[PDB]
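S.K.: quick one: initial chain(s) of a complex, as found there:
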Amino acid sequence: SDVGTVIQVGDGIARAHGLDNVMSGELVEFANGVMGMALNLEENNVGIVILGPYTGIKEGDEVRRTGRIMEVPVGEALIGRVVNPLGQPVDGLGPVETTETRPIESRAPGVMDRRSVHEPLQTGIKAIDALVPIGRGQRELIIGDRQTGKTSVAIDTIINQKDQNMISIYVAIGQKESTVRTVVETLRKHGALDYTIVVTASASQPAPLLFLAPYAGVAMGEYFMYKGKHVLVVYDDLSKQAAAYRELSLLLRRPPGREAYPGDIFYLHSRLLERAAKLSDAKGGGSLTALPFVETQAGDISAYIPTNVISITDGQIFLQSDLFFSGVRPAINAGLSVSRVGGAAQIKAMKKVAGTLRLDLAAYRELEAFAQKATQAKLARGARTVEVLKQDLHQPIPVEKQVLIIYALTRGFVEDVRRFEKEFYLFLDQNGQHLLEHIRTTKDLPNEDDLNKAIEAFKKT
Amino acid sequence: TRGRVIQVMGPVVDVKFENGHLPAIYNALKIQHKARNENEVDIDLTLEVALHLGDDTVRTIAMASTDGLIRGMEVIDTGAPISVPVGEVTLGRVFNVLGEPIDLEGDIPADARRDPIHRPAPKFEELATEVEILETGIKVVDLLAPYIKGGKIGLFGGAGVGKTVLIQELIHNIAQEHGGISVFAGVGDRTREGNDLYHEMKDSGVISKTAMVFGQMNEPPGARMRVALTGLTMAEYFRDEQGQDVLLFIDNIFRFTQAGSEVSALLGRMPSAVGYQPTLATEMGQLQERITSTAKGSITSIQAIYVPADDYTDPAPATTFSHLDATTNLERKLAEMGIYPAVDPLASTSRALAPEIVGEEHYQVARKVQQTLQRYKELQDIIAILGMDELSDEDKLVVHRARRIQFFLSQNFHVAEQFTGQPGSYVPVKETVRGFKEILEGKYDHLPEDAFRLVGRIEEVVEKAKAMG
């Protein structure tokens, strides 16, 4: 029969004698109540990775075949809940009662199943929406040193986007079990929880459950797709998932490579990040975009994992630690960060104003090292554009407001600049309805004369 | 129903059993033997199971010296984890890692309840999170990185920067008057300090509210791991079943992970990048995920991690940042400038540095200080090569201030009275937040370079300068 016995147990890795018909990726059950995943089939033994606490298994334990590839239960019954990489709820509150499951080792959709990135996406931060734009369906990478202003990006993005018909999946990976509460509660303070799902895999749980932690969330967002939607997925960190895969591979008796990291890492990431797609009209016209996070030692962007990761994503936002303390928040480097989709998915008001502003800020950064009358004006304009882009925590600004102040910035209109922003917002909120409605409706800049009298009237006040 | 020993490799023993009697992980084994011939030696030994390697064998790690283990001897399995006393009876006493008394003052009978060491971490429905300030009176710490009750505070430093000095200063300033149960686990420190603090506690009358276990350097690799767990299994009971706030102090918890690297190469595992065991993250997580607060009480633990060199990129200390709630970093290069404590202002951070929890006047000065220090850090190469006189007037004025701020970060500790002509001084939070304002606005910045060294409040600076002429 499809039965076997275990003759080696250690660190969540077991070796099984028997189990002739076990397929690769198949689940296999123990009598203790915790499942296992097969990753190797030698001549006479099978390599099993245990999917939970391992204090109960003993040599000679019987192990039984189940007969199904990796699954995640998905559906609208999970919105608002907090769940493990498997379908077991974390916050209690009873079982989730799902019926359907997805096989998440399925093939990624291919060519002619895809379309160009077209609809804009906004986080409410002037630093990201303007200089380094993001489009719905893009994969944009956030890499940086520890404690430099990362998680705020995702949390403020989910907070701002409550106005839309979107669905968000957020995952915390390898973090201490309690660490998530400050996140989970803060969403509920602004109400952002009522349309999202949170997935957690703590350090208390075994390392292998980190290796499936980012796989399941993209499958949840996948099942929400294949119908017309707009879906986001965030993994709070992948580097610990890479370490978990490394230390999973090592005990399986598989030789190492360039580092302790095995050479399959690229393949793994290719299996993950490529799962996203912006499907065409004949497929459903959805959108699944991801915001991966990656950490490197001492901010060394030239290391193995950073360079490996960059080769797959559609861009990168580089958070630099030495600008963090200088007073530029978020500390996005306008010179090094890149976005590949560019102006494909962006409202047409921003094209007329700040389509190329990024090259201006990069040139100002390059000229700073040399500067340490045309050059004087360039330096003044660069200092001001650096000053404008700053934002604070949990105070997003809607997409309809950014273009109006960017127009004043990019049309030649320092101690008081930041308050000039807020007072200008007040002046608009009380008078400029005739411009704001037009921006809301046609997504194009209104008459330049009227904007000019409005701006000059403010400046006179 | 008994075991045998067939293979010995130092810290590792490869015990063997019979069918159906295989122990579980963390189970305890006991070996006793008396000399049958004059060529043998008498030793009583205890062992901890770690791996199962088939063919009716399990790997175990020795808890004491393994010298003289003749092959073929008998082994006893207790069937239960290592059990250590806990509760009221453990206050004022001292034990080793195995749990027996080592203070020689007396025994502890079986009527005192004892629990297993290893238990799973609490579920998400049991945890709680709240933020509130724990105060120490240290100028450099209380401003740029205030501590949080029930959180984790980490100390980072090289092979001697003053970690133990800071730990003992915190104990002298907090642990006695906090009102909570105190536990000090002497993990991997010098035995001289371990027996010095015993006098320091008994002669001062604080020993009536303290519990301690020791695992110092002389002990074999198996013992150096479980000292932290044996220390934590008592603070857990003090938090839960008695509803008391608990403070826990650990000095060299890093000696945990290093110990693993000693034994892993003998257990039979493949090596990691720099030879570590390929379980660093998971084992450290299983260690630090039990130091948590709950809805019934709070556990606050201050720990220090031994950095193997002046390189923070080493995986073992780098992966510690996944658990800390407040961070303090030390470096030799600031210690050598004559400034104590040599806490780096641009790498120590805390979650409590938020404007709704500390007020505007606190966040403003903290951010201003960090911003002003960043520029002076950046000007390093050019001031070093050619001189401070090269820069412009607006940069020269900035150069005039950062070193004074760094000097003002110094303060005389209470344990430094034996090395300094003045005793330790105290500066409250309301005073440390106030102090930097005067220097930032130029109220006292014109004083000379050395007057800001080894000072308390800002008023003492001016009288010390007057004493200097």
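M.R.: Sure thing, it's come through. Numbering: from 1, shown residues only, chains lettered A, B, ... in the order given.
S.K.: Show me which residues of the stretch 1-150 of chain A are close to chain B?
M.R.: Proximity of the stretch 1-150 of chain A to chain B is confined to A:7-11, A:53-56, A:58-60, A:82, A:90-92, A:146-147 under the rule C-beta under 8 Å from any C-beta of the partner chain. Bear in mind the C-beta positions are built from the backbone N, C-alpha and C, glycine included.
S.K.: Count the neighbours of the residue of the stretch 151-300 of chain A at minimum distance from chain B for me.
M.R.: Nearest residue of the stretch 151-300 of chain A to chain B (C-beta to the nearest C-beta) works out as residue A:203 at 2.9 Å. Neighbour count for residue A:203, taken as other C-beta atoms under 10 Å in any protein chain shown: 27.
S.K.: give me the element residue B:456 is part of.
M.R.: Using DSSP states H and E, residue B:456 sits within no helix or strand.
S.K.: And for it, nearest residue in space, chain neighbours not counted?
M.R.: Using C-beta to C-beta, 6 or more residues apart in numbering or on different chains and skipping the chain neighbours, the partner closest in space to residue B:456 is residue B:425 (3.6 Å).
S.K.: Checking my notes, residue A:307 in a strand, right?
M.R.: No - checked against DSSP: H, G, I helix; E, B strand; the rest coil, residue A:307 lies outside a strand; its state is helix.
S.K.: Chain C next, sequence below:
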Amino acid sequence: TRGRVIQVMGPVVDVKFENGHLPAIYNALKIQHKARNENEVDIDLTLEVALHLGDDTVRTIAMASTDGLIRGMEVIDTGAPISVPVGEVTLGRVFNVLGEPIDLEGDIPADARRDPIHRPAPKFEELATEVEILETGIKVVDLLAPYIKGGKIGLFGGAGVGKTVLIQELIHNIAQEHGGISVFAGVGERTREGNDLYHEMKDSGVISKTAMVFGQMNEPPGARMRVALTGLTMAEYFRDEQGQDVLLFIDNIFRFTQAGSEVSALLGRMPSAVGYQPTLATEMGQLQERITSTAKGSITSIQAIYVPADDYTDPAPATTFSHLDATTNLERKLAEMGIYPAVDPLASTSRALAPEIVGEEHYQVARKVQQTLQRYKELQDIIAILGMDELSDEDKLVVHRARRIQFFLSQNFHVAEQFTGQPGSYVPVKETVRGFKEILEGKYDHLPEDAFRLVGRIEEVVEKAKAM
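M.R.: Same chains as before, plus chain C:
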């Protein structure tokens, strides 16, 4: 013959051919299976042989991402390597590694003519020797590193430097006019670009004269290795028999090497140096010597190379450097400076810089510009410490003119309209040599440096200053 699968570790599958007849190396084989019950998954897949062992066992490399492989499955031999369709049927199509179509325009029948991928290289007595200048309109490339027609051309770059924009400018400018059969093969880039390019081709009208092959990242190394040689298998039949000229763009051949690393650790080979497989040179030469121009037909080939860690002293770039006829290097420093393209003039060299091919009007100006840009490199570093007026005025003139020379190297491209929002401009080589002669003549000392950023013909500069 028949075989049974006995071991599987993912990318590598170990089979046993007990039938007494053992397939030869590089022979493809097939597996088909239908479920015995509702727990199994029906499968149908090919695999490729790469070794032998002394128990009638064979090791095979996986070219498709697979889960659900079982023990005891049966394997049947094909008896030939991977076959690629060639001829009239191939034009205006997109194919996968095994030769099946990717687009939804329909099937291709079995009467088509197919060529095997792997053949021995040409010989010494038949390779062409004469070369000619090819004009692309790219200011730097057409001047300092001309692409000799019929030779190999290499684009060296790091991560996110700007290779793809330049390569798509090349396929836009050249293939639209050149009548040769064009083949674009992608080995390691992103799937989104590959899917966008097919639609852009369907609009451009080049689809009638072009064929494409794909498979990209979402597959194991087995497909990423052979996807490079599939397009060459097409170009080989177009050159050897039909005889027309051929354009061959090959994209990120580095991943042909990198893929070979990932299987290597499982095939029993030891690591070497940084970690690459020991058969680097032997595996790479069997490819780099197949794409050559012959006396019968001329092949013009462009390739993309990605530096593994932005640093060139790496065995993969060292091994690749020995086969190119002209290389252009890209430095990420130039990417961050905001002067695109990021071609560094210093390390860019070509066989065309000879007096009998480009003439004397080319050599002197190119050498003077090259020497000035080499001279400025150390003076600008001295400036970082010594100051800005402590150096003599004659020395400062070198910077004063080298800044303009470097800025004028930028060009406003036609395929970058999405990132630039501008239609661009066009220049012939005569205007390039002419403009560099003027910039060295001293006619433009008083125009601001910032006016030279992202302009084409020199005549535009005086307009931009007029705009300012």
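S.K.: gap between residue A:306 and residue B:330?
M.R.: Computed as C-beta to C-beta, to the nearest Å, the residue A:306 to residue B:330 distance reads 28 Å.
S.K.: Look up phi and psi at residue 69.
M.R.: Since no chain was named, I'll use chain A. phi -70, psi 170 (degrees, to the nearest 10).
S.K.: Pretty sure it sits against residue C:69.
M.R.: No - applying C-beta atoms under 8 Å, one finds residue A:69 not in contact with residue C:69, separated by 11.5 Å.
S.K.: show me where the stretch 151-300 of chain B has strands.
M.R.: Under the criterion DSSP state E, counting those that start in this stretch, strands of the stretch 151-300 of chain B are mapped to B:152-157, B:181-186, B:210-214, B:246-250, B:299-306.
S.K.: what sits in contact with each of residue A:69 and residue C:69?
M.R.: The contact sets of residue A:69 and residue C:69 overlap at residue A:23 (C-beta atoms under 8 Å, 6 or more residues apart in numbering or on different chains).
S.K.: Which stretches in the stretch 201-350 of chain B count as helices?
M.R.: Using DSSP state H, counting those that start in this stretch, the helices of the stretch 201-350 of chain B run over B:223-240, B:254-267, B:280-288, B:315-318, B:332-335.
S.K.: throw chain D on there as well:
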Amino acid sequence: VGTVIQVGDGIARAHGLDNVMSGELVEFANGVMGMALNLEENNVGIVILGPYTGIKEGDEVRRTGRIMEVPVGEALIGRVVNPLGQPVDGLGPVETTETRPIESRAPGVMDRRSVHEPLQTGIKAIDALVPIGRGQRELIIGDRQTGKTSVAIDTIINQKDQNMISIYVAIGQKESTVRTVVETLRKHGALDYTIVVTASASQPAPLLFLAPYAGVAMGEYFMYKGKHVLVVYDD
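M.R.: If we add chain D to the chains shown above, we get the following:
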């Protein structure tokens, strides 16, 4: 005679071959030659000098009974040859009668003589400031480019009036480059006193391993018969 057991990447391990000596040639049914380099207890390691795709497990291997031999002769001058004794330019056979072993011993200390007679290449810098004698070995080290091949071409071309039988070797290089160099030399008639040894990239790495040994074996015969010989390596 023995059987082949393991095949891969041009390397084979065979069982049998009881009396095979180290360095002995072996042959297969396919006609490609091989060299024995490792002698274990139950297997012999054969390294193959040609295309290996056609060899199968179970093929028979035959011992040749001789060490490496390379044919030499004055008539070879002008011809382009492989590191092994095979024609690559066509034009019939190689026109040789005598063959030399590759394992010739180096001369003893008492068989040598001081050197004071020079060699010339025609460049002011190298011919003067870093002089070379007609018995000297001189090292050229560098990265790609910088014009290393020009030194070899000048050393070969300039030896017009002063007799010097020359051997240029290009190891592992693309065949188009070596043909271009050959034609550039042909414009100056250097083929009247030069021999070229080429082993392309498509050729197995063992030919690259054996190339310089042939580049000295083909050049020592004119010495030991009383003629002056120059040998230059491309890489």
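S.K.: Could the C-alpha coordinates of stretch D:54-65 be exported in CSV?
M.R.: Provided in CSV are the C-alpha atoms of stretch D:54-65 (Å, rounded to 0.1, in the frame of the first residue of the first chain):
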residue,chain,number,x,y,z
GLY,D,54,29.3,9.2,-31.1
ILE,D,55,31.0,7.1,-28.4
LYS,D,56,28.7,4.8,-26.4
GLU,D,57,29.1,2.7,-23.3
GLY,D,58,30.2,-0.8,-24.3
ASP,D,59,32.4,0.3,-27.1
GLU,D,60,35.8,-1.4,-27.5
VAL,D,61,39.0,0.4,-26.9
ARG,D,62,42.3,-0.7,-28.4
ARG,D,63,45.9,0.0,-27.2
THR,D,64,48.1,1.6,-29.8
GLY,D,65,51.4,0.6,-28.3
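S.K.: Could you give the bridge partners of the residue of chain D found nearest chain B?
M.R.: The minimum distance from chain D to chain B, using C-beta to the nearest C-beta, falls at residue D:8 (25.8 Å). Residues in a beta bridge with residue D:8, per DSSP bridges, are residue D:11.
S.K.: Report the contact partners of it.
M.R.: Residue D:8 sits next to C:50-52 when contact means C-beta under 8 Å, 6+ apart.
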